[PDB]
RNA sequence: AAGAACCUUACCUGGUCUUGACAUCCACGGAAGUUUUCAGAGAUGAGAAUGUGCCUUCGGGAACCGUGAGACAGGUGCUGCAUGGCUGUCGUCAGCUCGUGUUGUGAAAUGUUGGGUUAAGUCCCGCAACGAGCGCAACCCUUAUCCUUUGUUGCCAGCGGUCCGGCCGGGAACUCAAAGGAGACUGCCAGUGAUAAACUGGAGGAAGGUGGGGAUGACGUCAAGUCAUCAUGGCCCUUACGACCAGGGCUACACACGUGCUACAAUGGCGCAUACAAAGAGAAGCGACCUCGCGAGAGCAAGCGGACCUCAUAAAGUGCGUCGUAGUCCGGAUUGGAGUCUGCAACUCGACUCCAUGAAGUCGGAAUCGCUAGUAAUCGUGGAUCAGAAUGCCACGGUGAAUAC
Ligand SMILES: [Mg+2]
């Protein structure tokens, strides 16, 4: 952003821009984590099977929202609801955000 | 035996020449023979003193030998006796008064010839080839280097068949020409035969 | 080739009156890379044919060529089993070149006095369709029209 | 007058050798002509990389010899001896002719 | 590499530079188209056998100086092709790098 | 007054000085008809002179060395095209849509080791 | 093997030498060295004249040479199936792997597969994979266009006079020349494509998509080739398998094969007049000029350890005259005399020019190789090897195609 971005080559500058965009939209949210997470709020258990399969391999609660076609086996606290409709997910997720943020009291 | 010499391929790009002198086609061969003779004699004499390379220049019909080593104290002796001893026993054959000059390096674990000498000296003490190779590579990498690759070949372990074993650590690009790569081979004559040990030390990329 | 879909090269036009077809004809006359001599022979035969038939250098060639210009050629395209011939229409860029090649091949033989005289006689003969290049054309047309069952 | 012809192997050494030998003679012995190119002599060699059969495998080496003329015009006192006993920056065969 | 042959060759060199290159007039100046057409030149060629079968410059094979190899020799460096390649790749010969053009 | 083109093609090197006057060509103290005008490729120098006529505009004092007949002639052609600069791209836009500006290096390849003439292998045989 | 007359030579016959030809130690006697005669194939033996310093521990020393024993030397003798190093090949083919994680009891798998694109696991996208290394590409050299310093033994457009030879004044514009930079990097536009990678086409540009060429050779395979270039484990000879020399052979020929040259002719052979190159070598060598011969070469003898001097006249090509499709003027093999050049010596066993001779051969069976561009085809030039000795090797340059459905 401030140092070396127009030094070597314009093609390589575009290369680095593409690399940064890819790395950020892939692993940009968990950037400032710094350690291991404590809870994994997941939106699906049938589609994102491997996420829970990995989170259950160690002592991390993986309570999540599951629909009818998923396996409520490895999840800690199953939440029955919809996973695709935006309205449904946003209601659940707004409740989640309010409960976590007032928990910062 | 299918690769090119990493030093010969970079003699003009990065790595310089060992002998830097100009002579015309009449005495070129005589000069090269004198250089070879002084080099082999100096090595046979200072084998126990760690010399990696010997630069042989000749300013104005006066030979100058810059000995790059790691232990200059054993080379010069107290009061410097051995240096003038070498000067005499070198000028006896060079034909002119020789000006020899020692130069030490405080990182002997990064020189190809020095590492090969260590491996050969450790092998000639019945040391395990695996232990020696691993210890040398670990020492080099903890002393500082962007990449190393050692290769031993022969009757290691006293076997009847010969197997070549190489161990690498880091980045060692031999096809990149701008890279600074030290390479040199050492022979080791044991009670069972000859063992060759070559080393690629990727000191830096430029 | 297999992947390269490159096309043909752009040859140099003729140093005489502008013409690419007789330039290609000259290019296919040359042995040992001697182009000056080939151009001299081509010009000699062209003048000898124009003065003898009444037409000019560019028109005379055209009449002769079309008499040796083949229609279809047979080539082996085996399809899962038997190996048979397949008569097919040849592209024009290869058709004219092959006509000129047959002309030069017929002229290589039949040595009258010189190469220029050979080629002028061969062109005159193809003009009335009784030479050897036309005989080769008819041999190709006979190889075709007989094995036309494979299509 | 003074024909100075210097030849060496490495150009990125001979060039600065010429620069120093020219400024150490023009700052006090000016009216010099500079580093004339004097094209390079390329001695090539083609050897066999194997000690035995497989002749088709050969190595190709060459040595370049770069030459330069300085061509000083006037035999000055700031020049004749200031050229002598100053033979550092070795690796370059220098020849002075009167 | 047949130290016998190497000593033989150095002996040849010594004896040749000792006898010839100093008395070559017996075959270079006397064998001339001049008044020496008489028995003088006959006695000259007669004494031309005074010197041993050696001593001639044509019996100098010019072997390598490190190994003593008769084939693959280069008069420029005085070494065979094997050793000249080895030295060139090690960096012993000045200016001699891999050629590419 | 007098303009210049360099020109070079296949080991050739030319110097074409171009001046307004007669339509003659004086090349190496020899005229164009007696230099190479009697051999083939007689108008490889006159090719880029019909799109812009030469008969009664200007003449050329030409020198050329290196290469052969056709090489030197192509070098002369390229030198003429480069010397046509007092009549700059205003005419080169037309001179280029027919060639006459492509350097066309395509130098002879070096003979390769083990080969015969840089492409002809030495007659492989199985047994 | 980048070059067998002797030499090289490692083989054979014959004559010899023996701690030995090559290297170190002890003791003894002699300066070393130089000229020369006898016998011999020579190795060698027997001799004859000369020479006596470098510093004085000065019972001699620092070298050299003559001899005796012992440690030893030497071996191109075997073992590449004991090895190092080096090399070829699959193959500049694009693949070979590792760390962590995950699946599987496990051997293992994933990564590295799949949709596209590329010369390329090149790139993009998807995907329990996330990354990395050796590879690819780039970095290196050369060529291709241009810019800057110098302008010579280089050049000379604009000028002075010319035996018009840039020969001489005169210049750093131009060619060439050795350095440092610019540029060519999918840079921009249109379409297609999953708005990605990328492909196609176009504008500028000398050059479009890795511009042309080269070096650069991945883990490994062939238990591949070399212990005859060299180093070395062990087996052996070590009064010999070691060592010196004269001659011979490696060049032998009932035959078979591979690699090239010469041709088989008229886009051509012969005689004459003509024009256009690059790259290189050179001092116990290249060797101007002049004289002699049809000639290879010889005699005198400048310049050059070199952008000046030499090698060194470039040929194909262009014009003229001849040859009329004949085994012919194509072809040049073999043969006898004589001569030139290197070398101590050219029979075995060199090259070269001339005199006479002229063969087979009239485009080649099955089968088989190279090449997609300045490449092929064709023509000539230089260099390493070398006293001399290539049609081979390496490199340079001239003309310069066809086809790729
Ligand atoms: Mg794979």
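Protein chains in written order, with the authors' numbering: chain g, 121 to 225; chain h, 1 to 206; chain l, 1 to 151; chain o, 5 to 102; chain s, 1 to 101; chain n, 3 to 129.
Where is the CB? At the ideal position from N, CA and C, for every residue including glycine.
Do you know offhand how far residue 30 (chain n)'s Cα is from residue 52 (chain n)'s?
-> The straight-line gap from Cα to Cα measures roughly 24 Å.
For the beta strand (DSSP E) holding residue 194 (chain h), just list the boundary residues, first then last.
-> 193-204
Identify the residues that DSSP records as bridge partners of residue 185 (chain h): which are they?
-> Partner(s): h:198.
Option nearest residue 197 (chain h) by Cα separation, candidates h:159, h:122 and h:28 = h:122
Give the interface partners of residue 75 (chain n) over in chain l, defined as CB-CB distance under 9 Å, in chain order.
-> The premise fails here: residue 75 (chain n) is roughly 11 Å from chain l at the closest Cβ pair, so nothing lies under 9 Å.
Three or more C-beta pairs below 8 Å linking the segment 37-57 of chain s and the segment 82-95 of chain s = no
Residue span of the beta strand (DSSP E) that contains residue 62 (chain o), given as start and end | 62-73
Nearest-angstrom Cα distance between residue 69 (chain o) and residue 159 (chain h)?
-> 51 Å
Chain o contacts from the segment 85-101 of chain s (Cβ-Cβ distance under 7 Å) = 85, 88, 94, 95, 96, 97, 98 and 99
Give a yes or no on whether the minimum CB-CB distance between residue 72 (chain s) and chain o is below 8 Å.
-> yes
Contact list for residue 20 (chain h) against chain s, beta-carbon separation under 7 Å | 94
Mind checking the segment 67-86 of chain o against chain n and listing, in chain order, the residues whose C-beta falls within less than 7 Å of any C-beta there?
-> none
Could you pull out every residue in the same chain whose Cβ sits closer than 7 Å to the Cβ of residue 118 (chain l), ignoring the five residues on either side in sequence?
-> Hits under 7 Å: 107, 110, 111 and 112.
Pull up the distance between the alpha-carbon of residue 28 (chain n) and that of residue 46 (chain n), whole angstroms please.
-> 16 Å
Compare the C-beta of residue 200 (chain h) against all C-beta atoms of chain s and say whether one is closer than 8 Å.
-> no
Same chain, Cβ closer than 7 Å to residue 53 (chain o), five either side skipped, listed in chain order = For residue 53 (chain o), where only same-chain residues beyond five positions count, the Cβ hits under 7 Å are 61, 62 and 63.
What is the residue span of the alpha helix (DSSP H) that residue 51 (chain l) lies within?
-> 35-53
What are the start and end residues of each continuous beta strand (DSSP E) run of 3 or more residues lying completely inside the segment 34-104 of chain h, in chain order?
-> Counting only runs of 3 or more, we get 51-57, 64-69 and 99-104.
Residues in the segment 110-122 of chain n with C-beta within 7 Å of chain o's C-beta atoms, listed in sequence order?
-> 115 and 116
Grab me the residues of residue 5 (chain h)'s own chain with a C-beta within less than 8 Å of its C-beta, minus the 5 sequence neighbours each way, in chain order.
-> 183
Members of the segment 40-56 of chain n that neighbour chain l once the beta carbon cut-off is set at 9 Å = 41, 42, 43, 44, 45, 46 and 49
In chain s, which residues lie less than 9 Å from residue 9 (chain h) when you measure between Cβ atoms?
-> Under the 9 Å cutoff, chain s gives 89, 97 and 98.
Which first and last residues belong to the beta strand (DSSP E) in which residue 94 (chain o) is found?
-> Neither: residue 94 (chain o) is in no beta strand (DSSP E) and is coded neither H nor E.
Going by C-alpha distance, which of o:16, o:34, o:37 and o:66 is nearest residue 96 (chain s)?
-> o:66
Please report the residue range of the alpha helix (DSSP H) in which residue 11 (chain s) lies.
-> 3-19
May I have the straight-line CA-CA distance separating residue 226 (chain g) from residue 91 (chain l), to the nearest angstrom?
-> Outside the displayed span of chain g (121 to 225) sits residue 226 (chain g), for which this structure offers no information.
Bridge-paired residues (DSSP) for residue 73 (chain s) = s:80
Excluding sequence positions up to five away, which residues of its chain have a Cβ less than 8 Å from the Cβ of residue 30 (chain o)?
-> 36
Within 10 angstroms of the Cβ of residue 12 (chain l), are there 16 or more other Cβ atoms? Answer buried if so, exposed if not.
-> exposed
Nearest-angstrom Cα distance between residue 54 (chain l) and residue 48 (chain l)?
-> 10 Å
Using a Cβ-Cβ cut-off of less than 8 Å, list which residues of the segment 11-25 of chain l approach chain n; keep chain order.
-> Legend: CB atoms of the segment 11-25 of chain l lying less than 8 Å from CB atoms of chain n belong to residues 15.
From what residue to what residue does the beta strand (DSSP E) around residue 94 (chain s) run?
-> Note, residue 94 (chain s): premise wrong, no beta strand (DSSP E); not H, not E.
Got a sec? Which residues, its chain only, sit under 6 Å from residue 205 (chain h) by beta carbon, not counting five neighbours each side?
-> The answer, listed in chain order, is 179.
Report yes if the CB atom of residue 91 (chain o) is closer than 8 Å to the CB atom of residue 60 (chain h), and no otherwise.
-> Contact flag set, yes.
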